[PDB]
Visitor: 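Attaching a single structure in structure tokens format; questions to follow.
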Amino acid sequence: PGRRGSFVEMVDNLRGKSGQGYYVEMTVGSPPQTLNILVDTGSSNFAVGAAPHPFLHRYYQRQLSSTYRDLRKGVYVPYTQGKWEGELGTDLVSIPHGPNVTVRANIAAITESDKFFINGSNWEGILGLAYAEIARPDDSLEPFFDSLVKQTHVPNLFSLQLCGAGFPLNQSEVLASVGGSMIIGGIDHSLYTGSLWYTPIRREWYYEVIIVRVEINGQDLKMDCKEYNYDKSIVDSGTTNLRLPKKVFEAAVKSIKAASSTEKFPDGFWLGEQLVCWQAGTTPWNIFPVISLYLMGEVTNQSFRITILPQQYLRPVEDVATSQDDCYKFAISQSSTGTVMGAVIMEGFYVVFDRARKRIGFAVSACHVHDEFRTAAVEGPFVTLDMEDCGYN
Ligand SMILES: CCCCNC(=O)[C@@H]1C[C@H]1[C@]12COC[C@H]1CSC(N)=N2
């Protein structure tokens, strides 16, 4: 049967890019205040700018909302690279290009921040879509999606199609361009090709999954599979890169260098710091390998694989000079906090966060960037033993 798209109201409701994030329009308060909000599957707080900042064009004004409720509690949120503090409260929240519902949700009103708001990102707050376990200050602060499901008939599922352009966009071009879809409460069949394959959510905190095998151009990286999930593996729309645990990063980079060895790249490129450029149109995609991550399947002793191209893991960037060159950064980098399947990975795939069934679905995205010779893939099944042993305790 031909694929029908059943959620037209929500298709094309995202804007942005992998480097700065993908965001959805939301409203907060009465009367509604419109804000652009980062879609973040790697955290669990709804947190919005609530005071002037050089990089905010607008912010939540609690004093103008008749429905604002003060929870009389502060929150201090330090990250590795950035921090903010704010004040907890609740208010009525809607998503204009979303389900036609309004819910009362927790909001962290951000009053001070450092290196959080990004100059030119276009978003004024973040929607943490992960579970209560990792909410701040503690798990009693109900996340947005939990509130939405509890207060409405919206099914306990959302799905994300993040659409990378495959070339740079400036702030203006991001504003004018569609960057993908967040389908709240369903799966839109127009957004993917081939089959959806599902991996279990190992535990409801992050969206944690288990990787059971890694290949570079079909060659097994051949590490003990626990290494791939040390100390966890998560799916995170709020991280740019594919991040890999240090030892896995070292082994993968060695293999990717060997596969691409017909051209020598400087250390700064492999470290994700320095851009590389080619004359317009001549990017040598074919010298770079595909990367396959095998995920635990839902059936005992079965796995499936997702395969990405260099069109996913090479992130388009503007030249530091003035040129018509096509330039990129290497968007795989090291982690000391486990594997992070970030935006550049998610751009390959339609990703179904099936909370109801405690599983994450992957299918090839209808908007993934590719060439005439190769496409991203989602394929299975494979016979794979002892997959639970790949999980780190
Ligand atoms: C692709 C977007 C790039 C910029 N990302 C952010 O600003 C993320 C909103 C933060 C946080 C909020 O908790 C930690 C912090 C870093 S990792 C994460 N998933 N979320």
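Count residues from 1 along the sequence.
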Visitor: Angle class for the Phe116/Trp84 ring planes (parallel below 30°, perpendicular above 60°, tilted otherwise)?
Guide: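 Plane angle between 30° and 60°, so tilted.
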Visitor: Are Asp325 and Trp278 close enough that some pair of their side-chain heavy atoms sits under 4.5 Å apart?
Guide: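 Contact flag for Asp325/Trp278 side chains = no.
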Visitor: Run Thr283 and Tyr328 through side-chain hydrogen bond (donor to acceptor under 3.5 Å, both in side chains) and show every step you take.
Guide: CA-CA 9 Å; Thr283 302; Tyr328 310 84; 2.9 Å; yes
Visitor: Under a 4.5 Å cut-off applied to non-hydrogen side-chain atoms, are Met346 and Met341 in contact?
Guide: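 No, every pair of side-chain atoms sits at 4.5 Å or beyond.
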Visitor: In terms of relative ring orientation, are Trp270 and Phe330 parallel, tilted or perpendicular, with 30° and 60° separating the classes?
Guide: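 Answer is perpendicular, since the angle exceeds 60°.
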Visitor: Tell me, yes or no, whether the heavy-atom count around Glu263 atom CD, taken from other residues, nucleotides or ligands under 6.0 Å, exceeds 12.
Guide: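 Counting other residues, nucleotides and ligands, CD of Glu263 exceeds 12 neighbours.
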Visitor: Does the side chain of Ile126 come within less than 4.5 Å of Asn45's, by heavy atoms?
Guide: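 Contact flag for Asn45/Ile126 side chains = no.
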Visitor: Taking everything shown except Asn170 itself, do over 12 heavy atoms lie less than 6.0 Å from its CG?
Guide: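 For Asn170, atom CG is crowded (more than 12 foreign heavy atoms under 6.0 Å).
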Visitor: Taking atom OH of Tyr392 and atom OG1 of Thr339, what is their separation to the nearest 0.5 Å?
Guide: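 Rounded to the nearest 0.5 Å, the OH-OG1 separation comes out at 13.5 Å.
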Visitor: Are side-chain heavy atoms of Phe269 and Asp267 found at a separation under 4.5 Å?
Guide: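 No, their side chains stay 4.5 Å or more apart.
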Visitor: Could you tell me if the side chain of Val214 sits less than 4.5 Å from the side chain of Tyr228, heavy atoms only?
Guide: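 Answer yes - side chains close enough.
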Visitor: Under 6.0 Å from the CZ atom of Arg3, do we count more than 12 heavy atoms belonging to anything else shown?
Guide: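 Yes, CZ of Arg3 has more than 12 neighbouring heavy atoms, counting only those of other groups under 6.0 Å.
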Visitor: Any non-hydrogen side-chain atom of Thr384 less than 4.5 Å from a side-chain atom of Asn301?
Guide: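 Sidechains of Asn301 and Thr384: no contact.
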Visitor: In terms of heavy-atom contacts, does CD of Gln81 have more than 12 from other residues, nucleotides or ligands at under 6.0 Å?
Guide: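 Not more than 12 within 6.0 Å, no.
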Visitor: Between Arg15 and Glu25, is there a salt bridge with N-O shorter than 4.0 Å?
Guide: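 Salt bridge: no.
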Visitor: Just do the ring pair (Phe, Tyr, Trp, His ring centres under 6.0 Å) check on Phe304 and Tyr294 with the steps written out, would you?
Guide: CA-CA 5 Å; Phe304 65 94; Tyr294 289 68; 9.0 Å; no
Visitor: Would you mind telling me which of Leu157, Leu129, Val103 makes a side chain to side chain contact (heavy atoms under 4.5 Å, CB included) with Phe145?
Guide: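 It is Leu129, the one option of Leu157, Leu129, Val103 that forms the side chain to side chain contact (heavy atoms under 4.5 Å, CB included) with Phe145.
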Visitor: Using a strict 4.0 Å threshold on nitrogen-to-oxygen distance, state whether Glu250 and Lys246 make a salt bridge.
Guide: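 Yes, charged N to carboxylate O under 4.0 Å.
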Visitor: Using the rule ring pair (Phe, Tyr, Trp, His ring centres under 6.0 Å), only one of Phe353, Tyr207, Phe144, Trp205 pairs with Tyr131; which is it?
Guide: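 In the set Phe353, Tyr207, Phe144, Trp205, the residue that makes a ring pair (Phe, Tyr, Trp, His ring centres under 6.0 Å) with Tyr131 is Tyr207.
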Visitor: Say you draw a straight line from OG1 of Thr300 to CE of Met387; how long is it, rounded to the nearest 0.5 Å?
Guide: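 It comes to 7.5 Å.
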Visitor: I need the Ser333 OG to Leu271 CG distance, nearest 0.5 Å.
Guide: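 If I round to the nearest 0.5 Å, the distance is 10.0 Å.
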Visitor: Could you walk me through whether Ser292 and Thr307 satisfy the side-chain hydrogen bond (donor to acceptor under 3.5 Å, both in side chains) test, starting with their C-alpha distance in whole Å, then the side-chain angles of each, then the deciding distance to 0.1 Å, before giving a yes or no?
Guide: CA-CA 4 Å; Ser292 299; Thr307 301; 2.7 Å; yes
Visitor: Are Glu124 and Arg58 ion-paired here, with the side-chain N under 4.0 Å from a carboxylate O?
Guide: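 Yes, charged N to carboxylate O under 4.0 Å.
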Visitor: To the nearest 0.5 Å, what is the distance between CE on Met296 and CZ on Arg213?
Guide: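 Between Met296 CE and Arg213 CZ, I get 15.5 Å after rounding to 0.5 Å.
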Visitor: Have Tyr22 and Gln161 got a donor and an acceptor in their side chains that come within less than 3.5 Å?
Guide: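 The answer is no; no qualifying pair exists.
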Visitor: Tell me, with the steps shown, if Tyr192 and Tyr350 meet ring pair (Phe, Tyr, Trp, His ring centres under 6.0 Å).
Guide: CA-CA 6 Å; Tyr192 69 99; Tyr350 185 41; 5.6 Å; yes
Visitor: Quick one, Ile360 and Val209 - any side-chain contact, counting heavy atoms below 4.5 Å?
Guide: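 Touching, per the 4.5 Å side-chain cut-off.
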Visitor: Does the pair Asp114/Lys83 count as a salt bridge with the N-to-O cut at 4.0 Å?
Guide: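 Answer for the salt bridge query: no.
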Visitor: Checking side-chain hydrogen bond (donor to acceptor under 3.5 Å, both in side chains) for the pair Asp91/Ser65: CA distance, chi angles, key distance, verdict?
Guide: CA-CA 8 Å; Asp91 213 332; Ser65 174; 2.8 Å; yes
Visitor: Distance check, rounded to the nearest 0.5 Å: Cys367 atom SG versus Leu162 atom CG?
Guide: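 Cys367 atom SG to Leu162 atom CG measures 8.0 Å (nearest 0.5 Å).
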Visitor: Thinking salt bridges, do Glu298 and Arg359 make one under a 4.0 Å N-O criterion?
Guide: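 Yes.
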Visitor: Regarding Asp389 and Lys226, does a basic nitrogen lie under 4.0 Å from an acidic carboxylate oxygen?
Guide: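 Between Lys226 and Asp389 there is no salt bridge, as every charged N stays at least 4.0 Å from the carboxylate O atoms.
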Visitor: If the threshold is 4.0 Å, N to carboxylate O, is there a salt bridge linking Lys329 and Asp319?
Guide: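 A salt bridge is absent here (no side-chain N lies under 4.0 Å from a carboxylate O).
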Visitor: Just wondering, do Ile107 and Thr90 contact through their side chains at under 4.5 Å, heavy atoms?
Guide: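 No, their side chains stay 4.5 Å or more apart.
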Visitor: On the ring face of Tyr206, is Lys232 found with NZ or CZ under 6.0 Å from the centre and within 45° of the axis?
Guide: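 Yes, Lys232 lies over the aromatic ring of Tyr206.
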Visitor: So, applying side chain to side chain contact (heavy atoms under 4.5 Å, CB included) with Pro168, which one of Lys17, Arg315, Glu318 is it?
Guide: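 Per the side chain to side chain contact (heavy atoms under 4.5 Å, CB included) rule, the option paired with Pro168 is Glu318, out of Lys17, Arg315, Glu318.
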Visitor: Does NZ or CZ of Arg136 come closer than 6.0 Å to the centre of the six-membered ring of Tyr76, within 45° of the ring's axis?
Guide: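 No.
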Visitor: Can you tell me if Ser94 and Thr102 form a side-chain donor-acceptor pair at under 3.5 Å?
Guide: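 Present: a donor and an acceptor within the cut-off.
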